[PDB]
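Please read the structure below before turning to the comments.
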Amino acid sequence: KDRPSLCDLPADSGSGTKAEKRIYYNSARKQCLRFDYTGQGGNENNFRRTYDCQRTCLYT
């Protein structure tokens, strides 16, 4: 209801060797924002598409 708790998850970049452009819900801005996810060592808050972030975290 409320909000999926995965939206409260930090933007974690991982410490990987690759560079990959992903998007997460920024909790304070209440807006989805792009971060660099590196492909090794990350968090579950990984959206590959902007509507995906929007739909899950905004529709509450």
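Scheme for the structure tokens: letters A, B, ... for chains in order shown; per-chain residue numbers from 1; ligand numbers from 1 in order shown.
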
Can you tell me which residues surround residue 12 of chain A at a distance of at most 9 Å, considering only C-alpha atoms, apart from same-chain residues fewer than 5 positions away, and format the answer as a PyMOL selection string?
chain A and resi 35-37+41-46

Taking the DSSP assignment computed from this structure's backbone, write out as an MDAnalysis selection string all residues of chain A that belong to strand (DSSP E or B). chainID A and resid 20:26 31:37 47

* What's the 10 Å shell around residue 2 of chain A, counting only C-alpha atoms, without same-chain residues fewer than 6 positions away, as a ChimeraX atom specification? -> /A:57-60

Original post:
What are the DSSP helix (DSSP H, G or I) residues of chain A, as JSON, numbers by chain?
Top reply: {"A": [5, 6, 7, 50, 51, 52, 53, 54, 55, 56, 57, 58]}

N, CA and C atoms of the current selection, written as an mmCIF file, in the first residue's frame:
```
data_model
loop_
_atom_site.group_PDB
_atom_site.id
_atom_site.type_symbol
_atom_site.label_atom_id
_atom_site.label_comp_id
_atom_site.auth_asym_id
_atom_site.auth_seq_id
_atom_site.Cartn_x
_atom_site.Cartn_y
_atom_site.Cartn_z
ATOM 1 N N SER A 5 7.961 -2.279 -0.731
ATOM 2 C CA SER A 5 9.127 -1.964 0.066
ATOM 3 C C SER A 5 10.421 -1.963 -0.738
ATOM 4 N N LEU A 6 10.378 -2.453 -1.940
ATOM 5 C CA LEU A 6 11.535 -2.454 -2.811
ATOM 6 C C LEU A 6 11.822 -1.073 -3.379
ATOM 7 N N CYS A 7 10.939 -0.142 -3.164
ATOM 8 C CA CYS A 7 11.081 1.226 -3.603
ATOM 9 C C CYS A 7 11.827 2.028 -2.549
ATOM 10 N N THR A 50 11.438 2.803 -17.452
ATOM 11 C CA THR A 50 10.903 3.913 -16.697
ATOM 12 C C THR A 50 9.438 3.714 -16.267
ATOM 13 N N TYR A 51 8.617 3.100 -17.101
ATOM 14 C CA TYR A 51 7.226 2.843 -16.730
ATOM 15 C C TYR A 51 7.167 1.764 -15.651
ATOM 16 N N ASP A 52 8.086 0.844 -15.764
ATOM 17 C CA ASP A 52 8.153 -0.229 -14.740
ATOM 18 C C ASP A 52 8.360 0.359 -13.339
ATOM 19 N N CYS A 53 9.302 1.270 -13.238
ATOM 20 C CA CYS A 53 9.519 1.959 -11.950
ATOM 21 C C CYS A 53 8.252 2.747 -11.518
ATOM 22 N N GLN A 54 7.761 3.510 -12.481
ATOM 23 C CA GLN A 54 6.583 4.365 -12.344
ATOM 24 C C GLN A 54 5.339 3.598 -11.897
ATOM 25 N N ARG A 55 5.068 2.517 -12.581
ATOM 26 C CA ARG A 55 3.920 1.681 -12.322
ATOM 27 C C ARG A 55 4.088 1.055 -10.959
ATOM 28 N N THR A 56 5.193 0.489 -10.580
ATOM 29 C CA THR A 56 5.225 -0.163 -9.315
ATOM 30 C C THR A 56 5.304 0.799 -8.128
ATOM 31 N N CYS A 57 6.035 1.889 -8.216
ATOM 32 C CA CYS A 57 6.219 2.755 -7.085
ATOM 33 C C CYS A 57 5.292 3.959 -7.035
ATOM 34 N N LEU A 58 4.664 4.260 -8.125
ATOM 35 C CA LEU A 58 3.859 5.418 -8.162
ATOM 36 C C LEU A 58 2.434 5.129 -7.974
#
```

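You will find atom CA of residue 13 of chain A at 26.7 Å from atom CA of residue 1 of chain A.
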
Using only C-alpha atoms, the shortest atom-to-atom distance to residue 18 of chain A among A:32, A:49, A:3, A:39 belongs to A:39
